[PDB]
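Student: mmCIF, N, CA and C atoms, file start19.cif:
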data_work
#
loop_
_atom_site.group_PDB
_atom_site.id
_atom_site.type_symbol
_atom_site.label_atom_id
_atom_site.label_comp_id
_atom_site.auth_asym_id
_atom_site.auth_seq_id
_atom_site.Cartn_x
_atom_site.Cartn_y
_atom_site.Cartn_z
ATOM 1 N N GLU A 1 101.285 99.701 121.220
ATOM 2 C CA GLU A 1 101.452 100.926 122.033
ATOM 3 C C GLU A 1 102.791 101.578 121.724
ATOM 4 N N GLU A 2 102.754 102.637 120.928
ATOM 5 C CA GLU A 2 103.971 103.284 120.468
ATOM 6 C C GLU A 2 104.466 104.329 121.442
ATOM 7 N N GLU A 3 105.133 103.849 122.457
ATOM 8 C CA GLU A 3 105.766 104.715 123.426
ATOM 9 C C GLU A 3 107.067 105.248 122.865
ATOM 10 N N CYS A 4 107.903 104.345 122.375
ATOM 11 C CA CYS A 4 109.200 104.703 121.846
ATOM 12 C C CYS A 4 109.050 105.566 120.642
ATOM 13 N N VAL A 5 107.990 105.342 119.920
ATOM 14 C CA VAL A 5 107.781 106.060 118.722
ATOM 15 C C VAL A 5 107.434 107.478 119.010
ATOM 16 N N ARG A 6 106.724 107.681 120.043
ATOM 17 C CA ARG A 6 106.406 108.996 120.449
ATOM 18 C C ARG A 6 107.688 109.815 120.706
ATOM 19 N N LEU A 7 108.604 109.257 121.507
ATOM 20 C CA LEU A 7 109.948 109.819 121.680
ATOM 21 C C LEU A 7 110.733 109.820 120.386
ATOM 22 N N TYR A 8 110.185 109.150 119.412
ATOM 23 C CA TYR A 8 110.881 108.812 118.203
ATOM 24 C C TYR A 8 110.532 109.793 117.176
ATOM 25 N N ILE A 9 109.273 109.828 116.912
ATOM 26 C CA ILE A 9 108.687 110.675 115.968
ATOM 27 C C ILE A 9 109.064 112.111 116.229
ATOM 28 N N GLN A 10 109.343 112.391 117.466
ATOM 29 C CA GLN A 10 109.931 113.633 117.857
ATOM 30 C C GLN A 10 111.297 113.843 117.183
ATOM 31 N N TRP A 11 112.081 112.786 117.180
ATOM 32 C CA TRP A 11 113.353 112.690 116.441
ATOM 33 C C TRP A 11 113.054 112.882 114.964
ATOM 34 N N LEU A 12 111.904 112.354 114.556
ATOM 35 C CA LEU A 12 111.448 112.407 113.200
ATOM 36 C C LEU A 12 111.055 113.818 112.857
ATOM 37 N N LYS A 13 110.389 114.457 113.808
ATOM 38 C CA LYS A 13 109.961 115.820 113.630
ATOM 39 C C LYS A 13 111.160 116.750 113.479
ATOM 40 N N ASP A 14 112.225 116.419 114.193
ATOM 41 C CA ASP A 14 113.499 117.099 114.053
ATOM 42 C C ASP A 14 114.058 116.900 112.666
ATOM 43 N N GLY A 15 114.037 115.659 112.222
ATOM 44 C CA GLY A 15 114.614 115.342 110.944
ATOM 45 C C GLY A 15 114.927 113.873 110.762
ATOM 46 N N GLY A 16 114.645 113.090 111.787
ATOM 47 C CA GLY A 16 114.943 111.680 111.776
ATOM 48 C C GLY A 16 116.396 111.400 111.443
ATOM 49 N N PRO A 17 116.637 110.487 110.504
ATOM 50 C CA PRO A 17 117.977 110.095 110.056
ATOM 51 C C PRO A 17 118.734 111.199 109.318
ATOM 52 N N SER A 18 118.463 112.441 109.657
ATOM 53 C CA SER A 18 119.108 113.561 109.013
ATOM 54 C C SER A 18 118.998 114.758 109.938
ATOM 55 N N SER A 19 118.887 114.449 111.219
ATOM 56 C CA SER A 19 118.650 115.450 112.236
ATOM 57 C C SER A 19 119.903 115.666 113.078
ATOM 58 N N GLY A 20 120.807 114.702 113.013
ATOM 59 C CA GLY A 20 122.006 114.743 113.815
ATOM 60 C C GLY A 20 122.082 113.559 114.748
ATOM 61 N N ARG A 21 120.926 113.126 115.227
ATOM 62 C CA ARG A 21 120.839 112.007 116.137
ATOM 63 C C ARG A 21 120.407 110.752 115.406
ATOM 64 N N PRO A 22 120.567 109.603 116.056
ATOM 65 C CA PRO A 22 119.956 108.371 115.655
ATOM 66 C C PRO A 22 118.700 108.117 116.482
ATOM 67 N N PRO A 23 117.823 107.270 115.979
ATOM 68 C CA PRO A 23 116.508 107.085 116.549
ATOM 69 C C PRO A 23 116.494 106.465 117.929
ATOM 70 N N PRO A 24 115.589 107.001 118.731
ATOM 71 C CA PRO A 24 115.321 106.563 120.099
ATOM 72 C C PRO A 24 114.662 105.195 120.153
ATOM 73 N N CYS A 25 113.459 105.111 119.599
ATOM 74 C CA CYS A 25 112.760 103.835 119.478
ATOM 75 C C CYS A 25 113.648 102.829 118.758
#
Re-express the file's structure as structure tokens.

Tutor:
Amino acid sequence: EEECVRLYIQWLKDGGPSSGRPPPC
């Protein structure tokens, strides 16, 4: 159950490890 990933992939959608933030999940 990818709960964190959902909040994560959002980070990913932003740019992930190149978005400004570090990952949530």

Student: On this file, the PyMOL selection byres ((chain A and resi 24) around 6) gives some set of residues; write that set as a PDB file with N, CA and C atoms, in the coordinates of the input.

Tutor:
ATOM      1  N   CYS A   4     107.903 104.345 122.375  1.00  0.00           N
ATOM      2  CA  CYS A   4     109.200 104.703 121.846  1.00  0.00           C
ATOM      3  C   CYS A   4     109.050 105.566 120.642  1.00  0.00           C
ATOM      4  N   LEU A   7     108.604 109.257 121.507  1.00  0.00           N
ATOM      5  CA  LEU A   7     109.948 109.819 121.680  1.00  0.00           C
ATOM      6  C   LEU A   7     110.733 109.820 120.386  1.00  0.00           C
ATOM      7  N   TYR A   8     110.185 109.150 119.412  1.00  0.00           N
ATOM      8  CA  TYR A   8     110.881 108.812 118.203  1.00  0.00           C
ATOM      9  C   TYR A   8     110.532 109.793 117.176  1.00  0.00           C
ATOM     10  N   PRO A  22     120.567 109.603 116.056  1.00  0.00           N
ATOM     11  CA  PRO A  22     119.956 108.371 115.655  1.00  0.00           C
ATOM     12  C   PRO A  22     118.700 108.117 116.482  1.00  0.00           C
ATOM     13  N   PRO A  23     117.823 107.270 115.979  1.00  0.00           N
ATOM     14  CA  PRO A  23     116.508 107.085 116.549  1.00  0.00           C
ATOM     15  C   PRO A  23     116.494 106.465 117.929  1.00  0.00           C
ATOM     16  N   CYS A  25     113.459 105.111 119.599  1.00  0.00           N
ATOM     17  CA  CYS A  25     112.760 103.835 119.478  1.00  0.00           C
ATOM     18  C   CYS A  25     113.648 102.829 118.758  1.00  0.00           C
TER      19      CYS A  25
END

Student: When DSSP works through the backbone of this structure, what residues of chain A end up as helix (DSSP H, G or I), shown as a list in words?

Tutor: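 Those residues are residues 3, 4, 5, 6, 7, 8, 9, 10, 11, 12, 13 and 14 of chain A.
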
Student: To one decimal place, how far is atom N of residue 20 of chain A from atom C of residue 2 of chain A in Å?

Tutor: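 Computing it gives 21.1 Å between the two atoms.
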
Student: Which neighbours of residue 21 of chain A fall inside 12 Å, counting only C-alpha atoms, when residues of the same chain fewer than 3 positions from it are skipped, and could you give them as a list in words?

Tutor: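 Residues meeting the cut-off are residues 8, 10, 11, 12, 13, 14, 15, 16, 17, 18, 24 and 25 of chain A.
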
Student: Would you mind completing chain A to N, CA, C and O atoms and writing the output as a short mmCIF file (atom, residue, chain, number, x, y, z; two decimals), keeping the file's coordinate frame?

Tutor:
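Wrote part07.cif, looks like this:
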data_model
loop_
_atom_site.label_atom_id
_atom_site.label_comp_id
_atom_site.auth_asym_id
_atom_site.auth_seq_id
_atom_site.Cartn_x
_atom_site.Cartn_y
_atom_site.Cartn_z
N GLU A 1 101.28 99.70 121.22
CA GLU A 1 101.45 100.93 122.03
C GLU A 1 102.79 101.58 121.72
O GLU A 1 103.84 101.13 122.20
N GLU A 2 102.75 102.64 120.93
CA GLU A 2 103.97 103.28 120.47
C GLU A 2 104.47 104.33 121.44
O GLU A 2 104.27 105.53 121.26
N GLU A 3 105.13 103.85 122.46
CA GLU A 3 105.77 104.72 123.43
C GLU A 3 107.07 105.25 122.86
O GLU A 3 107.28 106.45 122.82
N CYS A 4 107.90 104.34 122.38
CA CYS A 4 109.20 104.70 121.85
C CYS A 4 109.05 105.57 120.64
O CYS A 4 109.90 106.39 120.35
N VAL A 5 107.99 105.34 119.92
CA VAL A 5 107.78 106.06 118.72
C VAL A 5 107.43 107.48 119.01
O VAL A 5 107.82 108.37 118.32
N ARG A 6 106.72 107.68 120.04
CA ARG A 6 106.41 109.00 120.45
C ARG A 6 107.69 109.82 120.71
O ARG A 6 107.85 110.91 120.17
N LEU A 7 108.60 109.26 121.51
CA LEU A 7 109.95 109.82 121.68
C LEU A 7 110.73 109.82 120.39
O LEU A 7 111.79 110.43 120.27
N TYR A 8 110.18 109.15 119.41
CA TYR A 8 110.88 108.81 118.20
C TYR A 8 110.53 109.79 117.18
O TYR A 8 111.36 110.47 116.65
N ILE A 9 109.27 109.83 116.91
CA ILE A 9 108.69 110.68 115.97
C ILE A 9 109.06 112.11 116.23
O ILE A 9 109.08 112.94 115.34
N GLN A 10 109.34 112.39 117.47
CA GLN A 10 109.93 113.63 117.86
C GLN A 10 111.30 113.84 117.18
O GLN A 10 111.59 114.91 116.65
N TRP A 11 112.08 112.79 117.18
CA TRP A 11 113.35 112.69 116.44
C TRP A 11 113.05 112.88 114.96
O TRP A 11 113.81 113.51 114.23
N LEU A 12 111.90 112.35 114.56
CA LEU A 12 111.45 112.41 113.20
C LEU A 12 111.06 113.82 112.86
O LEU A 12 111.34 114.32 111.77
N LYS A 13 110.39 114.46 113.81
CA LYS A 13 109.96 115.82 113.63
C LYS A 13 111.16 116.75 113.48
O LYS A 13 111.12 117.74 112.74
N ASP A 14 112.22 116.42 114.19
CA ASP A 14 113.50 117.10 114.05
C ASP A 14 114.06 116.90 112.67
O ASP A 14 114.51 117.84 112.01
N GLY A 15 114.04 115.66 112.22
CA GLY A 15 114.61 115.34 110.94
C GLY A 15 114.93 113.87 110.76
O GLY A 15 115.42 113.46 109.71
N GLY A 16 114.64 113.09 111.79
CA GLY A 16 114.94 111.68 111.78
C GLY A 16 116.40 111.40 111.44
O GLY A 16 117.30 112.00 112.03
N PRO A 17 116.64 110.49 110.50
CA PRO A 17 117.98 110.10 110.06
C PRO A 17 118.73 111.20 109.32
O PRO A 17 119.56 110.92 108.45
N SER A 18 118.46 112.44 109.66
CA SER A 18 119.11 113.56 109.01
C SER A 18 119.00 114.76 109.94
O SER A 18 119.02 115.92 109.52
N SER A 19 118.89 114.45 111.22
CA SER A 19 118.65 115.45 112.24
C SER A 19 119.90 115.67 113.08
O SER A 19 120.05 116.68 113.76
N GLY A 20 120.81 114.70 113.01
CA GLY A 20 122.01 114.74 113.82
C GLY A 20 122.08 113.56 114.75
O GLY A 20 123.16 113.04 115.03
N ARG A 21 120.93 113.13 115.23
CA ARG A 21 120.84 112.01 116.14
C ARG A 21 120.41 110.75 115.41
O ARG A 21 119.91 110.81 114.28
N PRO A 22 120.57 109.60 116.06
CA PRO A 22 119.96 108.37 115.66
C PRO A 22 118.70 108.12 116.48
O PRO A 22 118.51 108.69 117.56
N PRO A 23 117.82 107.27 115.98
CA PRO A 23 116.51 107.08 116.55
C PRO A 23 116.49 106.46 117.93
O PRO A 23 117.24 105.54 118.25
N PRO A 24 115.59 107.00 118.73
CA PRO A 24 115.32 106.56 120.10
C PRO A 24 114.66 105.20 120.15
O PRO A 24 115.22 104.25 120.70
N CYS A 25 113.46 105.11 119.60
CA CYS A 25 112.76 103.84 119.48
C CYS A 25 113.65 102.83 118.76
O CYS A 25 113.96 103.06 117.57
#
